[PDB]
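Q: Can you look at this? It's an experimental structure, sequence on top.
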Amino acid sequence: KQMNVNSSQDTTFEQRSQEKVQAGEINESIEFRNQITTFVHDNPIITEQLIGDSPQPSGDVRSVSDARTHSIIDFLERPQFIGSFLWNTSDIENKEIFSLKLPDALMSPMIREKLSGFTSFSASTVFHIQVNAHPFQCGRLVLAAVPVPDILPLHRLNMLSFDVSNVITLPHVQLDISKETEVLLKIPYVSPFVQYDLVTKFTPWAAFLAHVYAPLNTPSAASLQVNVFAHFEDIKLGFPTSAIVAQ
Amino acid sequence: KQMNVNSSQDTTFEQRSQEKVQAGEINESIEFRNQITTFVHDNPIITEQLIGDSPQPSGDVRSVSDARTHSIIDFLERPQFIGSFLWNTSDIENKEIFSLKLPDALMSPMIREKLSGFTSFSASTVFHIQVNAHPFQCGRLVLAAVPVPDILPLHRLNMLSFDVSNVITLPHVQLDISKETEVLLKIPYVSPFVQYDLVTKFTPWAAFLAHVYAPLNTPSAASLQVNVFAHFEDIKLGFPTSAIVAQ
Amino acid sequence: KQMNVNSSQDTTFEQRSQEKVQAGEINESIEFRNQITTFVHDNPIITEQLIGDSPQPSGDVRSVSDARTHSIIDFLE
Amino acid sequence: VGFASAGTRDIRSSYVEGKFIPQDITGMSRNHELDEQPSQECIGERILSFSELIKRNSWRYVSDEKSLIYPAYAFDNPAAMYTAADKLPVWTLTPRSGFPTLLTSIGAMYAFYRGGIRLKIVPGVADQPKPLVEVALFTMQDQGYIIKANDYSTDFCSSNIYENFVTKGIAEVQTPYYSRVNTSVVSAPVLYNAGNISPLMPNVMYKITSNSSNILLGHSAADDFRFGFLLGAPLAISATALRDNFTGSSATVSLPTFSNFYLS
Amino acid sequence: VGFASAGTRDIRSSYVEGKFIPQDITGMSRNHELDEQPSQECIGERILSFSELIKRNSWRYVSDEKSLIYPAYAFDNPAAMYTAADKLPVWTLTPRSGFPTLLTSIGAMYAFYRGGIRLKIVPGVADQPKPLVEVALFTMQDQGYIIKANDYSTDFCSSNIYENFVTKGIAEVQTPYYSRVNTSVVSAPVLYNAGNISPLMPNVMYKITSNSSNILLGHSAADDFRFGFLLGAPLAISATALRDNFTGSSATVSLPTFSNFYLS
């Protein structure tokens, strides 16, 4: 079967090989699978093609196909520009530049289209914070990660908003705008749920936050854009389902 | 770089290895690729993770992940119930049960979501026509395929609607409702375009049609549903693009 | 250097090989001589020519050049 | 290794993992190299992990019910209020599941946990005629994961342990993890609707019954317990300052300790 | 190889010589690696050099003289004028030696050339009684290197070729380089005083004679011809736009093509 059949089984005599069935029925039938659907036929079938059938030769598509290939995992691993946040001279120590939930912040139409059809997924996540200050500007940011933000005790979330000291104890990386151009933090998937529920959205596994560690310091008022790029890694997909990836 | 970097290159001394550049600039910088995005950094960067970082262990997800894996190609290969068409005793020789364009008829939200992000694709196609008549009913259908339907000369399309004899000369398979339960026809991708244009939709590469070959013959008026299942095979994808998969 | 350079020296790391200088400056620069002039460059330079550059072939000038050569000494003699 | 650098070098993970090694101000690493003599001569032990400390039991809550439903895996700590206003008590604590213990105080630094716990019970009265205490695994799906007097009279065939306040004096229990997941959330939120089926904590509570009018409950980690994902210092106040009375009102804060419990 | 650099890296000669190799935006060089299938399946040939194109003949000039002196190695192109003013023809072309051909159009991109050329002649009339055409090498030192009706009646013993418009139909000639130098100048300037002795072009012209009242002349490179020292795009206009007539005046520009020539 050149019908790219995943498996095929003529079941005509199957009833004749059951131990507790005697003189079993001989019933012309065949079962075959194509990906997630199995066809169980209860009579003969005919499988036809073009005379001398040959699939389209691979060389024909070089004019348009990418030499690189792209699967669902590949799409989820693509860097995405997640946002551009304002940082200015008036922001003081610990001012929040941004706080982005995971996955949430990466659930663009590109990612949603590819996750559609799965119950869930889990992944490590890499965040880049980029700042382009000119040489006469100084300042410092902290990019940190906190787990299961929507179910963490309030005292903990408050501590993060009260004092940057509680952000520095978290897994984090620091950005000195006069020395580094970009800084990255990779966080593995950690949660009571083995994968993130795309159907009920019950519970984002982490949040990445960026707070001012030392204010943007310039001779006159100024502001800079703090940009975020992110992508998933160590991706694990769920199970095929008709459930909608919730908005 | 455990940042699942596809490639990485410290370019600090790159300018020192150009033949026509003398005393080239030593410039701390690094370039790395993640899937389809390349980051070209013009200064030092810091890459941080959890202390003793370990990605989520695979065994943790067995409770939800499918032992089978699913990529874009896998999704496009999934059988789909394309339609249920009426066939009744009053239909005479050559009456058209259906005519479905390719891809068009298979462009369900599931397929569109997975093709989104590609300029185009090409594939062989397998069609199943299924009919469930009871033993006291007889009749016969023809499932045939015709290429580039929207650009074929009108005389040809008319010939198909005028006489079933012009359907029988085409690549086709016949269904005897009293003998076979289902019948399949596989057609390779053939077209002046090396892949189907998802952006401009310019030109469906084929159409599958089912015509009455011998009328449904029963003692009193009756009707049967003629069902269609289809899926793609020998799939070839296009190039990454932001162009919209046209409605 | 096909720039008929009499001598050439990349001096980028020169300050790093002075005995009484510690942690010397790494400074992209190059020095080269052409006859009685020495160019001391304090940054990168680019040296370009025709694609597949080839100087005029000697045979081309036989119609006018003297098989004998003439230098300053020759003229004074 | 070098005292200074142009750009960040002291990175959180690199230092803890031993990849970044700061130099001693004296230049001799021997000055901050471990010396075992002090602990061996002066202390008599050497603690290396909070894993050891949480295995020590501490008092959590005082009950005035003879039969009680208690939220075993709830690790929340009290709400606190402060004031320096005249004639008002300086500090006030309002518990939900109980007061802080080594288990919940160390736990407040982390996001997750897994493993079992242990329970200890001191009786207010060891009643000779009715000396038994029963601690039963409580699993009704309907019950909220909160403290409540027992009103159930239909929880047959439960897992029960019996201890005797007269022949022994203190009840000792070990609770299995019995979780639907492998990673639980420290002080997960408990809700009205919730009941006892949330995946964020083992779906198991205690039903404690005795003839003592009051009991003092305490706990600790079992041998397979662990906290994971360090967050940092939890919101906290000075324990010693709870004796403050500078407003003119006498301090009224009182933690559940054996002496507070046993004597009135 | 690296997408960016601090300082110039993409240098004109380095790229053409293959020393500088830019990276594909996709990171896979295979995406811009030569594929021979397209030309083999769709075209049937694969052109690699303008050397091939200039060997194809194209029409250069129409003469209304029966005997003509023609500037063989003059590769100049017409002067052009444009206007969008009402009722005036949009484009006008004024030739000197002729209109553009593959030879002169490709040549306009270079400064120099060397080698011979070929001449093709189509007759306006193939006169049966006097069917011959003579193409003679013309070398009078006095003649200006320009088009002129033949007034000479004393140019004996010239190099002559004869072709027959009736038995064959098109005259075909090959002209040797016959140059005083090894490098000629494309469209060198021709002057009043000049004559036919300048070293910038072969000192040779054509004297064409037949009994046809009109002839159409065309040319191409001979097998030993070459252009050298690429300069860039020459001053040029859109050929298709020559049909413009938006000013209300009908287009009057007409290039020398067989159809224009043969029919009126």
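A: Received, thanks. Residues are numbered from 1 along each chain as shown, chains lettered A, B, ... in the order given.
Q: Mind telling me which residue of the stretch 151-264 of chain D is nearest chain E?
A: Chain E sits closest to residue D:229 of the stretch 151-264 of chain D, with a gap of 36.0 Å, by CB to the nearest CB. Every residue, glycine included, has its C-beta placed from N, CA and C.
Q: the strands in the chain, which residues?
A: No chain specified, so I'll use chain A. Secondary structure of chain A by DSSP state E: the strands cover A:7-10, A:30-34, A:37-41, A:45-48, A:80-88, A:96-102, A:120-131, A:138-147, A:172-176, A:182-187, A:196-197, A:206-217, A:223-237.
Q: My question was about chain D, not that one.
A: In chain D, strands defined by DSSP E lie at D:58-63, D:67-70, D:79-82, D:91-94, D:110-114, D:117-123, D:132-138, D:148-149, D:160-164, D:171-175, D:184-185, D:205-210, D:215-221, D:226-230, listed in chain order.
Q: if we can go back for a sec, so which of the strands of chain A is nearest residue D:115?
A: Comparison of the strands of chain A against residue D:115 by CB to CB identifies strand A:138-147 as nearest, at 18.3 Å.
Q: Residue A:75: neighbouring residues, count only.
A: 22 (other CB atoms under 10 Å in any protein chain shown).
Q: How much space separates it from chain B?
A: With distances taken as CB to the nearest CB, to the nearest Å, residue A:75 is found 7 Å from chain B.
Q: The closest residue to that residue other than its chain neighbours: what's it in contact with?
A: Ranked by CB to CB, 6 or more residues apart in numbering or on different chains and with sequence neighbours excluded, the top spatial neighbour of residue A:75 is residue A:114, at 4.6 Å. Residues in contact with residue A:114 (CB atoms under 8 Å, 6 or more residues apart in numbering or on different chains) are A:72, A:75-76, B:72, B:113-114.
Q: contacting residues around the residue in the stretch 151-264 of chain D that chain B sits nearest to?
A: Residue of the stretch 151-264 of chain D nearest chain B, by CB to the nearest CB: residue D:182 (7.0 Å). Taking CB under 8 Å, 6+ apart, we find residue D:182 in contact with B:60, D:114.
Q: again with residue D:71
A: Neighbour list for residue D:71: D:97, D:145-147, D:190, D:205 [criterion: CB under 8 Å, 6+ apart].
Q: Can you name the residue of chain A nearest chain D?
A: residue A:169 (3.1 Å).
Q: What about that residue? Give its phi and psi, please.
A: Note on residue A:169: backbone dihedrals following degrees, to the nearest 10 are phi -80, psi -20.
Q: Grab the nearest non-local neighbour of it.
A: Using CB to CB, 6+ apart and skipping residues adjacent in sequence, the residue nearest residue A:169 is residue D:232, 3.1 Å away.
Q: Would you check how far apart the one you found and chain C are?
A: In this view, residue D:232 and chain C are 39 Å apart by CB to the nearest CB.
Q: do residue A:110 as well
A: For residue A:110 relative to chain C (CB to the nearest CB), the value is 41 Å.
Q: ok, that residue - how many residues close by?
A: For residue A:110, the neighbour count with other CB under 10 Å is 16.
Q: In contact with it, which residues?
A: A:75, A:78, A:80, B:116-117.
Q: Among the strands of chain D, which comes closest to residue D:236?
A: Of those, nearest to residue D:236 by CB to CB is strand D:79-82, at 9.1 Å.
Q: Give me the residues contacting the closest one.
A: In contact with strand D:79-82 (CB under 8 Å, 6+ apart) are residues D:90-96, D:237.
Q: Direction included, what does that strand pair against?
A: strand D:91-94 (antiparallel) (DSSP bridges).
Q: just the CA coordinates of the partner strand, formatted as CSV?
A: Backbone C-alpha positions of strand D:91-94 (Å, rounded to 0.1, in the frame of the first residue of the first chain) are rendered in CSV as follows:
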residue,chain,number,x,y,z
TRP,D,91,1.7,43.9,67.1
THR,D,92,-1.3,41.6,66.3
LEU,D,93,-1.2,38.2,64.6
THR,D,94,-4.2,36.6,62.9
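Q: List the buried residues in that strand.
A: D:91, D:93 (16 or more other CB atoms under 10 Å in any protein chain shown).
Q: sorry, back to before: the residue of the stretch 151-264 of chain D closest to chain E contacts residue A:147, correct?
A: Yes: using CB atoms under 8 Å, residue D:229 is in contact with residue A:147, at 5.6 Å.
Q: Find the residues that touch each one of the two.
A: A:190, D:111-112.
Q: In a markdown table, list these along with distance to residue A:125 and neighbour count.
A: Output for the shared contacts of residue D:229 and residue A:147, formatted as a markdown table (distance: CB to CB, whole Å; neighbours: other CB atoms under 10 Å in any protein chain shown):
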| residue | distance to residue A:125 | neighbour count |
| --- | --- | --- |
| A:190 | 11 | 19 |
| D:111 | 16 | 26 |
| D:112 | 18 | 22 |
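Q: from those residues, which single one is nearest chain C?
A: residue A:190 (44.4 Å).
Q: Could you find the closest non-adjacent residue to that closest one?
A: residue A:147 (5.8 Å).
Q: what does residue D:73 give?
A: In space, residue D:73 is closest to residue D:201, 4.5 Å off (CB to CB, 6+ apart).
Q: Next one: that neighbour from residue A:75, what distance?
A: Per CB to CB, to the nearest Å, residue D:201 is found 36 Å from residue A:75.
Q: cool, and residue A:45?
A: 36 Å.
Q: how close does residue A:228 sit to residue A:182?
A: Between residue A:228 and residue A:182 the computed distance is 10 Å (CB to CB).
Q: re the thing from before, widest-spaced pair of the contacts of residue A:110?
A: Maximum distance among those (CB to CB): 14.8 Å, for A:80 and B:116.
Q: Quick one: residues contacting the residue in chain A positioned nearest to chain E.
A: Per CB to the nearest CB, residue A:67 is where chain A lies closest to chain E, at 4.0 Å. By CB under 8 Å, 6+ apart, the contact set of residue A:67 is E:26, E:28, E:30-31.
Q: can you map out the helices along chain D?
A: Under the criterion DSSP state H, helices of chain D are mapped to D:12-16, D:37-38, D:50-53, D:102-107, D:258-262.
Q: Tell me which of the ones you listed is the most buried.
A: helix D:102-107 (a mean of 21; mean count of other CB atoms under 10 Å in any protein chain shown).
Q: is chain A contacted by it?
A: No: taking CB under 8 Å from any CB of the partner chain as the criterion, helix D:102-107 and chain A are apart, separated by no less than 10.3 Å.
Q: next one: that helix to chain centre, how far?
A: 4 Å (CA atoms, centre = their mean, to the nearest Å).
Q: What is the burial count for the residue of the stretch 151-264 of chain D closest to chain E?
A: Number of residues near residue D:229 (other CB under 10 Å) recorded here: 20.
Q: any idea how far it is from residue A:210?
A: 20 Å.
Q: Looks like residue A:24 contacts residue A:15 (just checking).
A: Yes: if you go by CB under 8 Å, residue A:24 and residue A:15 touch, sitting 3.5 Å apart.
Q: contacting residues for the residue of the stretch 51-200 of chain D found nearest chain C?
A: At 43.8 Å from chain C, residue D:109 is the closest residue in the stretch 51-200 of chain D, using CB to the nearest CB. Applying CB under 8 Å, 6+ apart to residue D:109 gives the contacts D:227, D:230-234.
Q: what's the nearest residue to residue D:23 if we skip its chain neighbours?
A: Per CB to CB, 6+ apart, closest to residue D:23 is residue D:1, 5.1 Å.
Q: That neighbour: how many residues sit nearby?
A: Residue D:1: 9 neighbours (other CB under 10 Å).
Q: which residues touch it?
A: Contacts of residue D:1 by CB under 8 Å, 6+ apart are D:20-23.
Q: Residue D:174 now?
A: D:116-119, D:222.
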